[PDB]
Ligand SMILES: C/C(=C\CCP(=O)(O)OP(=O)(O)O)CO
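Quick setup: one chain, the form solved without the named molecule, written in structure tokens, and binding and motion questions come after.
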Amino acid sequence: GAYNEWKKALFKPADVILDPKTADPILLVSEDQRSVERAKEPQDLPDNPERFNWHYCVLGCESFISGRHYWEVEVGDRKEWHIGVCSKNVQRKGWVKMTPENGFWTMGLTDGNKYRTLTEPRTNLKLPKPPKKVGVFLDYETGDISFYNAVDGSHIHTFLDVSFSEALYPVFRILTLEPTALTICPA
């Protein structure tokens, strides 16, 4: 459909790979750096400055300061996940709530069937179908971050008219221990 035919004409396909240096030690990054899973117990890793030590998060390797970009994530039958973008200068040590006010623009799924935006307060999304693949779209200049069902092109959510000043990284969060991973689709 139009989603498939037009996405690359309007947004540059980002080739996003996960940065293992940023990943909470309870997270596992795959060899090809496209997939993230949770471990039962934290790995023995250094608490280097780049690493999220409290939030179960991992960043992409590259950030954006301009232009239009997109990437797609296979969420599959996962019961829990959150994805989006965050500012380069988010607090990585300790906790602050994941909200736009704190530099996070994300949405996702909890408890299998509750889709929501990670806002203050959290906002419930009514989706006509559960997505299996989600497209994440950034327009830096207009300040829009949009999410689409990458299979049928349906709209999921848009953060509108954000005044970005900082560089933005793709961000991924998983809390639960389940058989299905969260996986980035290659560009």
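When you see a residue number, it is the position in the sequence shown, counting from 1.
FYI, the form solved in complex with the named molecule isn't displayed, but the following is about it.
Engineer: Of the options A14, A167, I17, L175, which one has a non-hydrogen atom that comes within 4.5 Å of the named molecule in the bound PDB entry?
Structural biologist: For this set of options, the contacting one is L175.
Engineer: Tell me, out of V29, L118, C61, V162, which residue has a non-hydrogen atom within 4.5 angstroms of the named molecule in the bound PDB entry.
Structural biologist: Result of the distance check: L118.
Engineer: Considering the named molecule in the bound PDB entry, find the one stretch among 150-158, 62-70, 40-48, 118-126 with heavy atoms no farther than 4.5 Å from it.
Structural biologist: After filtering at 4.5 Å, what remains is 118-126.
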